[PDB]
Amino acid sequence: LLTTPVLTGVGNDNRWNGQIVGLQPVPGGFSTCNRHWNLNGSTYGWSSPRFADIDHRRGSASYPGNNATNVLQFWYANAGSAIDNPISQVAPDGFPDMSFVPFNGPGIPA
Amino acid sequence: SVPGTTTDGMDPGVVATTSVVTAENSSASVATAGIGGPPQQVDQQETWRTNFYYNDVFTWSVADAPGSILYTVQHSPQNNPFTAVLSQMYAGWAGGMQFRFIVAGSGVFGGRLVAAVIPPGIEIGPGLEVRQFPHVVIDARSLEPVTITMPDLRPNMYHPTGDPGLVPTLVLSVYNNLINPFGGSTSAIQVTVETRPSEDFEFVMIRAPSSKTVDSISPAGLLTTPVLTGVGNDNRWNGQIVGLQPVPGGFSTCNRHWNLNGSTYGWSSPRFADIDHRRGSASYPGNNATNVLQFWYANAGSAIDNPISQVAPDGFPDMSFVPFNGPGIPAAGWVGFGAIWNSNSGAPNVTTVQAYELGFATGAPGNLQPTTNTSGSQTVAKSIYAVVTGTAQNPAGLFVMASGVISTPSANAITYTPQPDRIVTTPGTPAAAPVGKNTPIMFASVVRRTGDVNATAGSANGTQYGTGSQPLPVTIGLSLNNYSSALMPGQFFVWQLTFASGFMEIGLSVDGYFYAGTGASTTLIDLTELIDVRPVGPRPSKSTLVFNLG
Amino acid sequence: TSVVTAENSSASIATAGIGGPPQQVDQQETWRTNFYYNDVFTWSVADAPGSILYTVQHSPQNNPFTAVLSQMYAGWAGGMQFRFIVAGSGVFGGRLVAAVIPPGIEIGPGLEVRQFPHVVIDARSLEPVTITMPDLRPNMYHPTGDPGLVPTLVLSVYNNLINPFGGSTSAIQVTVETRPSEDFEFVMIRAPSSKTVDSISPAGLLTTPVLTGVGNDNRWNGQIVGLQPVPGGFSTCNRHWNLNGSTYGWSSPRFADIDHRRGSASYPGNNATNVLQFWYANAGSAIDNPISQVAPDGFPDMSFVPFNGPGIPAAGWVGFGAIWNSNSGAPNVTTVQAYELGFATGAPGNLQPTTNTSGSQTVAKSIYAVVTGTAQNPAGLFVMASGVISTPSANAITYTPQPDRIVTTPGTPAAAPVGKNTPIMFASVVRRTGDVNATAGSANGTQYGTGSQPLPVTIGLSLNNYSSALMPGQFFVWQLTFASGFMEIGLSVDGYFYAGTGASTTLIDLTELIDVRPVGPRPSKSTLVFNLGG
């Protein structure tokens, strides 16, 4: 499963679909759930092992303010409701496992 | 000597050994199996172990592609009738067995078969190529029988009856296609299998007769002859089953369904008692509370008192709500006699006892829409007749009888209820898929209707058939016993119903669904002349079940 | 270990050669060398000397392993060895005799077992006593299917049992064990799927979950949670099937619907607003029911309660239903209510409860107000078979129905106490109208609805015939195991259930019940045990 071209020039990573260049040590520890498989043929996440479109329906859409030119767009939906995956219904297939950094106004988030 | 066309009961015929019958296998099998004590039932003069006795039969068609399996058995004492009788009073076995094949063909046909013995660790599946194992090829024009011996290759010292472990498997498949040079109507032949224990077979530990085991008994005892032609009801209504009808495409009904493993598909423990709730809003349209239609709804997740799942109350019908407005009664659907009752140690209201239509709505109390998914929905009920008093309190509940009827305006032909496009689906289910020519089957019965009280099976307009998934005696027989090892996934347990002019075979997979070889027909098969039921065994899903009806 | 052979063994081997060579004859087999359990019986302090306590015929069914092996052989011959183990105590006294009776002699009260060749068994013996029964037959072998003449082993009382200590304990259990003799054999192997005619037994109808899981009664589809005894007797015949393939009454066992077509309808009051609808028809007009003409299927078998005004009557049978006209009828929109069903007489004048079916008349009076009231002569009822019980206030009234309130037909047998045994009556948790949330917790006791037998049993017994499975004068007996006690239950030939509780009216809860186990047919003079945790 781990050969020489996998870590040299062919393999990608399971979060960003990008070329693996290095190794990053984490001395504290972490837990990754989405698109992650154990040695039992099982997953706890909500994504298949492939990179495709994220599609969901039945979610409330709104926009702040009153003027409708150059206005930020908002959309949300609850967890546990997305009936599109045979795996689990926590989130639709392909949703990133990152916490939402809050922002508003003319500032690009970090 | 006998001239080849008559055969004795102790005559094997020709002997075919592939590569696994060796002297060291038998010498290691005899010497190591002495850990159970002295061997029992070992006497090479008894009648039960000198003759061949009947085990099985199967058919070989012209349209069978090369590489398709016609016969498979695991190594077991269930492959001979007398060792199956003797295994109830012993707790261990070792040794091999012999299999005699007689082809009932003529010298004008063509085609070959192939047989092999598979080692214990290999998975028996789609990617198994048995022609790349040591094998033996049998012609279709053979007159004398052919005997194949399967030895005992095991990593343990003996086979406990409740836990044998790893066993070999005998596979028989098509080598070359069957050819009839005249063509026409004759396109199949039959092969009969006999069995006989080998010389190194024995039992060890005496135990008690009909002792319980850590494994599981075969699922043949639950489906007997009074279940079909007598007592036995549906999963949604308590009515006797009358007929058998196929569906094209498949369905998914997941209310009171139990798998082969002991597990339920959500709520609704299997007993037709009642429906009760303690939280839920009540309202009524219009400015006047006189001759109105009551409106109760609550979200999915408010069923605290249900001990299985929180999504729905116990005994609720799994029907999508058909939206209706006005005095015109809805078509089909589920309607039951009920009333309302208030919370905080409250008596039921006297003035409102009426039949309500039950279902799941979307977007209540505004525009109500039918729904297919149970997650993120809200259960609902509204009356079909006019009541004289309405309640508008936030804490309220229901009291509905579990037995129900169908509501129809016209009631001449309608449609069998429910349809596969109407049955709701809980998260986490496997759906029915028609494999081979076999189709999913749903049991039919007779349920009364609101449009006509006298719904008798006879004249005065044709009768209406309600469809339920599995019988209630069958669901009781699976709610306790676990069958993880009784039937391997990938095949089904097949019975053999016998009518007065024909016979059909019905199956039961690991998913709890029933299969029949109906093909592309939607004809109701009335079960009135059915006499007896005899079980058969585990058969692969690619094989076709017979449909001899007169 | 020594194996005992019979006195007639050399003539027994030779004359059985008409069936071929002997089968399953290997003297080192483990199923043949050890003793295994067969049966159990009771020796009482009230048994007169010369009374018979145990009787068994020569058969290959008095052993757990020869009964399995007889499924694949059409014939048997040879002897069989018996062993007796007394539970006993060192403070008891009395002896017993056991002898083998040849064919042609009666087994009865005039049999003098003490002048046959016998063995003596002590009431305080620790080591077991052994006796061998030979195969004394007038045939060459015994074919399975029609054996012939066999000897019989008879156990009798020599000296009566004595307890000088006093009260409490007055009965001893004796266990029988069996291994075959050296000369026993089988002949002529056969198909195991062949004649499946094996002593049909009413043991598989009452299993474990039936009482600690699924399982309902004949009045309601409610879970059976407790048994309640009643001293004196009762009579019920609605869904009550006896051990033959017959019953006395209507209502085949399914809680589907209650449907009738013809019957008069009326209502009191000169105003057609907020009244109680009253439907009534006489007994004998149920043409659509193929079983009995007395009542439609699903009608309750309790009497009417005479009430008037806006007060909800105590107890009874209330069910959610409606009225419907005839002539390919659709039901009326504006009348769906809870209706109280029962048997009465003298309607629509003085409504009185009645005991007997004959001379009575079925009635249906609504308990809640309905806005419209019809008066058409052809009318019927479409009521769900599952219902509740009406109550004025929540409280806890009593178990319903009472044994005097049950309506029975002419020609019905009655349950009667025999000895200390008392007929019991299965109970269940049900809902009511005085309090919808009938949780089995706090806020007073819950309502109990009581029926005759477990509906499951009726379902499994209505197919088969049990005429020779239980000899008359006995019960088929089970042994219920609790966590800190055990009990014993009976089933008569007439369809009733008994327990040896005596004259007590305390409910027994099936909460810590673990499993059940069949015992067999036992005489009714023996008291069933009541060693409960209290």
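A few points about this structure:
- Using all pairs of distinct alpha-carbon atoms, the Kirkwood hydrodynamic radius of the range C:190-266 works out to 17.1 angstrom.
- A Cα-only calculation for the range B:115-209 places Rg and Dmax at 18.1, 59 Å.
- Derived value for the range B:210-253: Kirkwood hydrodynamic radius 13.9 Å. Basis is the mean of 1/r over every pair of different alpha-carbon atoms.
- Contact order normalised by residue count of the range B:315-468, Cα under 8 Å, 6+ apart, percent: 26
- Within the range C:107-198, chymotrypsin sites (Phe, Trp or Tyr not before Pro) in DSSP loop having at most 16 other beta-carbon neighbours inside 10 Å: C:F165
- Coupling constants for the range C:321-336 follow from the phi torsions by the Karplus curve (6.51 cos²θ - 1.76 cosθ + 1.60, θ = phi - 60°), and in residue order they are x, 8, 10, 8, 7, 8, 6, 6, x, 9, x, 5, 6, 8, 9, 10 Hz; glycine and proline get x.
- Net length available on complete extension from A:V101 to A:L7 is 30.7 nm, with 0.36 nm assigned per residue and the Cα-Cα distance removed.
- Chymotrypsin sites (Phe, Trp or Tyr not before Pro) within the range A:56-106, DSSP loop, no more than 16 other Cβ atoms inside 10 Å: A:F100, A:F103
- Relative contact order of chain B, defined on C-alpha pairs under 8 angstrom at six or more residues apart (%): 16
- Computed from label points 7 Å out along Cα-Cβ, the spacing between C:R114 and C:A396 is 5.6 nm.
- For C:450-460, mean number of other protein chain Cβ atoms within 10 Å: 1
- Percent antiparallel among DSSP beta bridges (both partners in the protein assembly as shown, rounded to 5): 95
- Rounded to whole Hz, the Karplus (6.51, -1.76, 1.60) HN-Hα couplings of the range A:78-92, x for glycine and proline: 7, 7, x, 10, 6, 8, 9, 9, x, 7, 7, 10, 5, 9, x
- Relative contact order of the range B:221-277, pairs being alpha-carbon contacts under 8 Å that are 6 or more residues apart, as %: 21
- With Cα atoms, 0 to 90° folded angle of helix B:23-32 axis to chain B main axis: 60
- Tail weight of P(r) past 58 Å, computed on alpha-carbon pairs of the protein assembly as shown, percent: 30
- For the range B:119-159 versus the range B:375-404, the gap between their alpha-carbon centres in whole angstrom: 63
- Gyration tensor (alpha-carbon) shape descriptor, the range B:1-157, a/c threshold 1.5: oblate
- Estimated inter-spin distance, C:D404 and B:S76, nm [label 7 Å along Cα→Cβ]: 6.1
- Dividing the Cα radius of gyration of chain C by its Kirkwood radius returns 1.09 for Rg/Rh.
- In Hz, Karplus ³J(HN,Hα) per residue of the range B:528-542 (6.51, -1.76, 1.60; θ = phi - 60°; x = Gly, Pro): 10, 9, 6, 10, 9, 10, 10, x, 10, x, x, 10, x, 6, 6
- Amide H contacts under 5 Å for C:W241: none, restricted to partners 5 or more places along the chain or on a different chain, H placed in the peptide plane at 1.01 Å from N.
- Residues B:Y515, A:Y44, arranged from fewest to most other Cβ atoms within 10 angstrom of their Cβ, appear as A:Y44, B:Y515.
- Each 10 Å bin from zero holds the following percent of Cα-Cα pairs in the range B:222-360: 9, 31, 34, 18, 7, 1.
- Residue exposure sequence - C:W43, B:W258 - by fewest surrounding Cβ within 10 Å: B:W258, C:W43
- Near the amide H of B:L398, within less than 5 Å, lie the amide hydrogens of B:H277, all on another chain or at least 5 residues away, with H placed in the peptide plane.
- Helical contribution to [θ] at 222 nm, DSSP H n ≥ 4, -39,500 (n - 2.57), averaged over chain B, rounded to 500: -1000 deg cm²/dmol
- Separation in nanometres of the label points that stand 7 Å from Cα toward Cβ, at B:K437 and B:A413: 2.8
- Neighbour-limited loop hits for trypsin sites (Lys or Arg not before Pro), the range B:367-447 (at most 16 other Cβ within 10 Å; DSSP other than H, G, I, E, B): B:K437
- The Rg/Rh ratio of the range C:234-281, with both radii computed over alpha carbons and Rh defined as the Kirkwood radius, is 1.20.
Taken together, the values in this text are just the output of simple stated rules run on the coordinates, not laboratory data. For neighbour counting, all protein chains shown are included, and Cβ atoms are generated from backbone atoms with ideal geometry for every residue, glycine included.
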